[PDB]
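**Student:**
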Amino acid sequence: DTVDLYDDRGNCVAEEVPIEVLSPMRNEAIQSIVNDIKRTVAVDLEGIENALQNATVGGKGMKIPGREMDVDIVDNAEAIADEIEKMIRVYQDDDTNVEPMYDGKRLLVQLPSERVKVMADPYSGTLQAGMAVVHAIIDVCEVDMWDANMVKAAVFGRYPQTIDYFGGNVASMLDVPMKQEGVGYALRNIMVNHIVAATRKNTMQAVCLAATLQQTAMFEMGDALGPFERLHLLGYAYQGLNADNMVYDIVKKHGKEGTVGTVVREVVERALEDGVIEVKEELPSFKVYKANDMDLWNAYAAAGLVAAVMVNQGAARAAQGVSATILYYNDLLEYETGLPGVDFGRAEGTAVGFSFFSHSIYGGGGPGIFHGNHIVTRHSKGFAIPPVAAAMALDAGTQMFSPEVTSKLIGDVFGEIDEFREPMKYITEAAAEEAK
Amino acid sequence: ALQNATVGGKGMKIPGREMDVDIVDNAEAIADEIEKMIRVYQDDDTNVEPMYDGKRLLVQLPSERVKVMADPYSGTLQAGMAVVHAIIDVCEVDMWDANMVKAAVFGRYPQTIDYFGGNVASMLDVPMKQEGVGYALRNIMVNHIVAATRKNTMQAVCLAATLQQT
Amino acid sequence: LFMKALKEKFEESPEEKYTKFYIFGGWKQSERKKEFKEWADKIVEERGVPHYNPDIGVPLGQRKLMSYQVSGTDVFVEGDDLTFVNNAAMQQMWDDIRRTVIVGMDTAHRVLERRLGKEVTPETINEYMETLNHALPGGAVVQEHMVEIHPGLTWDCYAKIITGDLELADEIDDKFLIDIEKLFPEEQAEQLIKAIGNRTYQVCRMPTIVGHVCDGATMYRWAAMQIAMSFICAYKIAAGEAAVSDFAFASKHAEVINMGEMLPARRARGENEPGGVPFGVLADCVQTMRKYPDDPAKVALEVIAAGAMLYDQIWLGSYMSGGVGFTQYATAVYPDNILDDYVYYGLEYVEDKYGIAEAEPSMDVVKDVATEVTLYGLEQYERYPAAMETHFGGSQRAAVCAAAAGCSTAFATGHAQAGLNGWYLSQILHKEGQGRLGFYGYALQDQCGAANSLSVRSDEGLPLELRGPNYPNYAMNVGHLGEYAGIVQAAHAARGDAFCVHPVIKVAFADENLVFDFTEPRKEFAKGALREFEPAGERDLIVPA
Amino acid sequence: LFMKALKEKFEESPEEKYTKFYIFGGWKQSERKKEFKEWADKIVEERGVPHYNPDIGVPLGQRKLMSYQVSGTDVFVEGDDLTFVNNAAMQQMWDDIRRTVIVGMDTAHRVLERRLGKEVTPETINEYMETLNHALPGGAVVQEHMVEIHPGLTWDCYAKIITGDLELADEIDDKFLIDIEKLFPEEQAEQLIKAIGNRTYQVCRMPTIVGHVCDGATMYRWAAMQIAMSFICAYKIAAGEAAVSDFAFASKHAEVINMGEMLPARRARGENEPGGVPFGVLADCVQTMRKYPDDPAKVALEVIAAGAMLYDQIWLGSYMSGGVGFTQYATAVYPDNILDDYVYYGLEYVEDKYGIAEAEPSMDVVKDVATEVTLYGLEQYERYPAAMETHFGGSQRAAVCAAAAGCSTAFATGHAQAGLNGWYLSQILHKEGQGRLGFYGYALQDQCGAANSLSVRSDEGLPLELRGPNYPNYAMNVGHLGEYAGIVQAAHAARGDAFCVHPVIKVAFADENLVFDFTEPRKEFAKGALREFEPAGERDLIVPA
Amino acid sequence: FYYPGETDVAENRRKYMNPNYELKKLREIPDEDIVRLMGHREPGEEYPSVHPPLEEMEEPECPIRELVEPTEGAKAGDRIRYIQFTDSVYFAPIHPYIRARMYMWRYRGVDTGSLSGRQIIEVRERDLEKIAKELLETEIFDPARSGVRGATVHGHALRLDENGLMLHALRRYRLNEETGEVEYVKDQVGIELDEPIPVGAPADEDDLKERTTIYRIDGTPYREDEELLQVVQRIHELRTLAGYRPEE
Ligand code: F43
Ligand SMILES: C[C@@H](OP(=O)(O)O)[C@H](NC(=O)CCCCCCS)C(=O)O
Ligand SMILES: O=S(=O)(O)CCS
Ligand SMILES: O=S(=O)(O)CCS
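Just so you know, the sequences run in chain order B, E, A, D and C. For the first sequence, counting from 1, position 70 maps to 76 in the entry's author numbering; every step adds exactly one. For the second sequence, counting from 1, position 57 maps to 113 in the entry's author numbering; every step adds exactly one. For the third sequence, counting from 1, position 12 maps to 19 in the entry's author numbering; every step adds exactly one. For the fourth sequence, counting from 1, position 359 maps to 366 in the entry's author numbering; every step adds exactly one. For the fifth sequence, counting from 1, position 69 maps to 75 in the entry's author numbering; every step adds exactly one.
#1: Using the Cβ count rule (16 or more neighbours within 10 Å means buried), how would you classify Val213(E)?
#2: Please find out if some non-hydrogen atom of ligand 4 comes closer than 7 Å to the beta-carbon of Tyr318(D).
#3: Would you say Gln98(D) and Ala290(D) are within 8 Å of each other, going by their C-beta atoms?
#4: Take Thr378(D) as the anchor and find which of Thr170(D), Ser433(D), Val407(D), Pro392(D) has the nearest alpha-carbon.
#5: Under 6 Å, CB to any heavy atom of ligand 4. Which residues pass, going along the chain?
#6: Could you spell out the range, first to last residue, of the alpha helix (DSSP H) harbouring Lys431(B)?
#7: Considering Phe286(D), what are the terminal residues of the alpha helix (DSSP H) in which it resides?
#8: Nearest to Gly401(D) by alpha carbon, out of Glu367(D), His152(D), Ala339(D), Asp375(D)?
#9: Can you find a C-beta in chain B that's less than 8 Å from the C-beta of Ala106(C)?
#10: Tell me whether the beta-carbon of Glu105(E) lies closer than 8 Å to the beta-carbon of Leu114(E).
#11: Measuring only the C-alpha atoms, how far is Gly261(B) from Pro76(C)?
#12: Which residues does DSSP list as the beta-bridge partners of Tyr88(C)?
#13: Would you say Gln186(B) lies against chain E (beta-carbon separation less than 8 Å)?
#14: Could you spell out the range, first to last residue, of the beta strand (DSSP E) harbouring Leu114(E)?
#15: With DSSP as the reference, label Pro528(A) as helix, strand or coil.
#16: Return the chain-ordered list of same chain residues with a C-beta closer than 6 Å to the C-beta of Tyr179(C), the five sequence neighbours on each side being excluded.
#17: Do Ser366(B) and ligand 3 come close, with the Cβ less than 7 Å from some heavy atom?
#18: Using CA coordinates, which residue listed in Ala154(B), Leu28(B), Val63(B) is at the minimum distance from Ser460(D)?
#19: Going by other Cβ atoms of all chains shown within 10 Å of its Cβ, with 16 needed for buried, is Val124(B) buried or exposed?
#20: Quick one: list the residues of chain A neighbouring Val358(B), beta-carbon separation under 8 Å, in chain order.
#21: In chain order, what residues of the same chain lie with their CB nearer than 8 Å to the CB of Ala297(B), ignoring the 5 residues before and after it?
#22: To the nearest angstrom, how far is the alpha carbon of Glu278(A) from that of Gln452(D)?
#23: Looking at ligand 2, does it come within less than 7 Å of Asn60(A), judged from the CB to the closest heavy atom?
#24: The stretch 185–219 of chain E: which residues have C-beta closer than 7 Å to a C-beta of chain B, in chain order?
#25: Could you tell me whether any non-hydrogen atom of ligand 5 is closer than 7 Å to the CB of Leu121(C)?
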């Protein structure tokens, strides 16, 4: 099985790519993104300064009166960075990278891959990188021994009393292992808004980043395995790596006048023309289509789902009805064909609860705050979250809880890293070389 | 578990859902299917060997699978899901009773947080049982430590110390 | 079956499509809602902050507000008397389950002999139970100057022994024994003894008041503590010695049994909480299989009643949300004998076409039984506009028809998973039939349903017996959970099984010293609806007159 | 201070080392323990399973069984009347904390305008609160045919507004406003307004009965649901529309405040449970800083009383263990004015040597103040064998002396961490003094204590304000937790602070519509001890006469 | 295709879904009275905006944005408002899930929710008023068996008023038998209007059945359409099978 791979502008960038080359354990770029996710941490130096300046530690309205402390963190960001790469480096010639950002308000700390390597907990890099910031502040800013515990709190919040770094000023794409809905859900517990912030509102690149993170958890959970490996390999090529230029071509032609229904019909025609599906039997007026290839049919429908969202929500410039699009793309697509929708029901399944929990009193929220680990959107095996990332990127500003409110730090610091911001070029390039 | 429909563990039995399959006798055939599903390259360190006359089974995943793994316990999902599939289409399990094999392997998961009443084990166990960030390599019983070093005192001390200090 | 109730609730013929509205007096047509304003008035007077107020927002009762015959009974009550907060029996059912922990006695007794050097005999075991029943409610056995708990608050706390070792069973004081042979029909009794084996257990029922102040994960810690105190007392070891830590670990982990297990971070909860309780286990708590072995429908219907109540009204409608809640989401499946009619007829169908529990599990049987009963149930709602007006939400309509369909498919096969697969066929039929299904996120489950039903993957595959409110699809939405328990019970009732998934939990809830009567949940609900049920845990002794 | 009580409890002079035993009639010397057998007898008669029985194991009362003057009062009661299960006030204190959730109103109101296009003004905000106080207790605002909850069961549920925006504050109905300027002394008021800022909050207090049937993590889900229902009603948007999901997310996560956060897997629990509540927060619940601003000792002593009670008796003694429990582990620090004497004298010492809150935090001050007060307290127990016989366990002896030492060191510095460091010096002094410290695992904390106190590492460093029963060292053992809260209060009382760690939680628990009186916890306990306290949540309306 | 089915109701279901099939007009309601029914704004006043127009915004470097044309309200930055319908089980021409399928075929930029007793569409404000007109004056609406309501939606599964109308707890519409027309006296949330808006002329039982989309025993029984019942059973089979094993 060989898919062609195209970029975010519809141009071809790799020829006959065997889909076996696209699995995380075969693909080098994906391998490295996982490494870069365990090692890359964002630290808010301005936020730690404010917290310490006003004794507002632990977060959420708290203030420890009489324990205020005027230290200058931002101004010494450079000096703090230097101490950090001292504590953190393993070899002189490794990939430790600790650079101040935004005039010293922010700080990217990337641990040496040597530290990753021997790390069980994927979030752990935050402890290591954060504890450096803690120590570096104490003996650059000359903090008193009796008030040092205030620096620990400005950095890590209420930890260990809370399960997480509550009210802290440390962040990564991952967050704490005990917040996981199940084994291997680590790479699933990354907000769509985080995804969209780090790809800087580039729709194709958001879809990609969501898809590769999703499908890498699909492999980790033993879902993409055995008689299912192919389902996710092809599902992944078409959804996230713009295989056959199918997502891009559908949107090029349906983008000016099209709806979710016309995109549905676009999917049925193309599978028809390619011998993916045929006519099983002809009822009294209407055709029941069969699948010649169940995995590639799913892959085809899945690609059209992303296109369905891009055309529909892109027309409104509002995220919102991504939940309706996913619901009704699969609803229509089934009763147009007599075949299962994407993910054999689960994709439409997710969108029913998603629609509910984005339009009611009981919970949820707006589209950007969901992720592969939200109980409302955990059900579909990688085929729903990448749509949701397209929608939240196509938003011109209708959301209260946008990437700028929830995912600011991530967007500012991770946005600066290239394989985070633009993972397509890297995965497809990796896939080319890997195929020799 | 499958012979007596005692799945989920802790005294449970689903009556009328008993199922006589022979797992142990086909341990060799099951292993072979497992290294098929699990291998990444022909020349990697996949190792899937039957132990104790087919009663037990060591499944070591290719380091290629580790490499891209966030959850440290996850190898159990991968290795276990292989055992699940390998039993179904070597022992010719009926589609409607296949969910019983999932339960014999992984217990009450996902209803329970862990593989409660399951028959899968590693030195690590599930991330949400951790007392804090990075406590993964800490959540290994002293008895596990001592069992694996076969009651050798110096080597137990060692294994405990290096896991602790790591 | 639903005609008598339909003619009591409605002036018109059940057949008529027309009636009058806006002519009932609004809010104040109802006895209950009047009572509520009276109390609100007295509250605000004494208090100074406004409370309940009819005139805020919506004027209830522009239609006639219904009474409901609790199915299987001849008691008609207002809907307001079936909210769990307004109903003591409903609260006491949950209380009895939450406060139940069962602990293995075998390795404990092994410790006493192999490590502490003390003989374990029936004579000492009885002595031990006299002690445990002093110690469990808060009595002192070892330390001088101990304060104690008022027995008047804890009159519902006690312990008994379950044992499949029949030779030990009739050496234990009858008052300390949950007798399997006395409590059960002959064949259910033998099926249970075989399933339990010569293993012996300690059933502890904590005080309800302790669940009121604390939570479910208190329950086993409390059981473990007093069990260890009683061992110390009865076998005269050191009151604090190495081997005592074996008692702590046997009781709390190695040989323990709780009605529920803990839940993940977003719905963070310890043990013995409603979401950790599996369908098969809730089904084995209900004791209707004991009294009506030859009516698979009553046993299942009765399991639905206390499933929907527990899982929708108390669990989803309070723990997971709160407010006014989900009374009638649950009631749609235990008032008015509507579901009862659908289920019984479905059984008459299976009884004819196939045998009871005689059908090979196959897509063919599901496709047949599921479709037949769903069309039947759909057709009853459009034949009787009265029943349509009773079950006004589609969610509860979908639930009533899918339950009937699901349990019916279980009646034929005797296999929960097949039955479940029929539920998911029924729903997707209802969809295209009325051009609707339920509320907004109603069909998340049911659209994932077909693929996950027989799947074997990670967080996808699992027999229905073993599933619960923590199974990913099932964790959010009403009109599903208790009905699934009904399908588990239906499968196992059709076969004549004594239990669905747990022998010991089954025997434990057969005990006549429980407060709720688990043989007849529906009749109990009406007892609570009429304010005739006497709950435990009330603090009227330690409070002014 | 402890003499009057020591002479009431003991016939002899407090000085005497000798007395008579074995001459009190055993068990039956005590009014309470007699009552308990009476009720046990009636229970077993009706029941058929033995219950409470004096004659099992140990014969209580071979020594005289003590009465206890609740410190600060003139009420003497048996120990049995201060078990939380026997005491309604103690249960109601926990109830009021567990059922409290505070929600930010700012982004919610922003949504209405920026997304839903509706104006938010004081007129609409008051209308909204009339609605919320109909909706919170279970009243219907939008859907027809809604069943409702009995106001008679929920007469303690309500909501009020906290706001540092003083211009909005006196535009809100006084009955909907927790007025910071009315409730607080002038300077505490201004310190609070400054700390809160122009941010406005929604204090919701759920029904106690709901905490009885459910748990703490119910509390906010319930708050969030009815808040969203009331917004829908009052601002006339679609009852189910996109921006409503902003309300769900603001109320449940982004702008929410709970008294406790969730706990890890081994002590798995959701929110608003006792172990998730930090020392500084429990301290800011108690309102004694309001009434006695110029007595740092009373404010701290009062925080110890409701800390030890909550954390030892209810939390550690039930949730985490159970049984007879840990009454007197807690009582050692609120009966008999024993700790009171030690604390006051320690303050007189600090008041002299240093100033109140005037000492630089240093090892020198700890070394001085800690050692002086620990030797004092140790020397009082060996001077008065009567007080030694009162506080018969070493754990409670260590706790009384370490609390006095710890709070005293806090009185000098005004810094919780310094104060805490003095606790850990005091303990290691007690050790070598009497050749003992407490029960077996008493000093796990106190031996880790010195190194973790000022440490800054992962699960080691954290100011005491921010610590709680989930701080690794602190999660297991009695005679520590509530005393730590006292040290947090001591530090902040010495400074004259209005709060220790949370402005909003402080104002919230100042409200006079709470059931428990949080200004005076000790006096309330005696009110519950004498069975004079009227709790909420009782179900006598829905139950036969 | 749209939708399988060999019966009349199935055909009305390809018709309303088909953007080629012209929806037969039964009424004529002026734009001012659509703005008043959806009481979001006053018809004279301009459009409120949730964000500034795209023609003057920092539009992100995105090659997908360039392919997809925004709608009128998107370019102006209009706020997203709604309209909600409740359709009676007694032969209402259009029904919730069928409404949403029509929307996803007919209109651009659609957010919609199909519930049992309510159906809501949410899009840009100016485009919503244009969509609402077609929904209100064509054969898809009927002022007796279909009601406009954004709150207290109770009534779809309820028996009919003496006048043949669906229950309205808030009494939004009234029957003016002087003209024989149904007219709204309140907006869709229940606030009293200044003057009644005649959307009237309720159809008789015969015309409704000829254009109904609900399967009913007293109309076209669900049991009758075997070709629909075969496709829905096919989706069930292939779902259960593929979820077990994709295939081969
Ligand atoms: C405001 C919402 C949005 C939301 O997230 N939840 C609501 C309201 C909420 C409130 C209504 C209480 C009140 O009136 O103040 C409560 C009781 C939850 C709570 N906070 O306690 C509830 N829904 Ni609702 N809700 C219900 C139902 C329904 C059905 C009613 C259809 C009809 O024709 O009447 C529809 C959904 C559907 O169409 O399927 C519905 C919608 C809605 N549901 C629409 C309001 C619809 C309206 O404007 O009238 N509920 C039901 O169908 C049965 C169960 C019933 C619940 C009460 C109970 O179980 O006793 C209640 C359960
Ligand atoms: C989704 C989730 O909510 P959040 O998105 O986390 O705010 C979850 N609520 C629920 O599942 C509520 C379910 C009961 C009410 C809806 C019944 S259909 C919870 O509170 O943990
Ligand atoms: O109207 S909703 O489906 O969102 C809630 C039903 S209670
Ligand atoms: O004796 S122990 O220290 O183990 C327990 C004291 S309650």
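Ideal Cβ positions, reconstructed from N, Cα and C, are used throughout, including at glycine.
**Tutor:** From the atom records:
#1: exposed
#2: no
#3: The Cβ atoms of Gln98(D) and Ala290(D) do not sit closer than 8 Å to each other.
#4: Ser433(D)
#5: The set of residues with CB atoms less than 6 Å from any heavy atom of ligand 4 reads, in chain order, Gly247(A), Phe446(D), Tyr447(D).
#6: In the DSSP annotation of this structure, the continuous segment of the alpha helix (DSSP H) that includes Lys431(B) starts and ends at 429–440.
#7: 286–292
#8: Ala339(D)
#9: yes
#10: In this structure, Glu105(E) places its C-beta atom within 8 Å of the C-beta atom of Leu114(E).
#11: 9 Å
#12: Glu128(C)
#13: For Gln186(B), the answer is yes, since a Cβ of chain E falls inside 8 Å of its Cβ.
#14: Where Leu114(E) is concerned, the enclosing beta strand (DSSP E) stretches over 112–116.
#15: helix
#16: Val188, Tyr190
#17: yes
#18: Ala154(B)
#19: exposed
#20: Here the neighbours are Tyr447, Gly448, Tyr449, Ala450, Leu451, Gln454.
#21: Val282, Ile283, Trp303, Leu345
#22: Roughly 27 Å between the two C-alpha positions.
#23: no
#24: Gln186, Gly188, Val189, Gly190, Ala192, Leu193
#25: Among the ligands in the structure shown, ligand 5 does not appear; only ligand 1, ligand 2, ligand 3 and ligand 4 can be found there.
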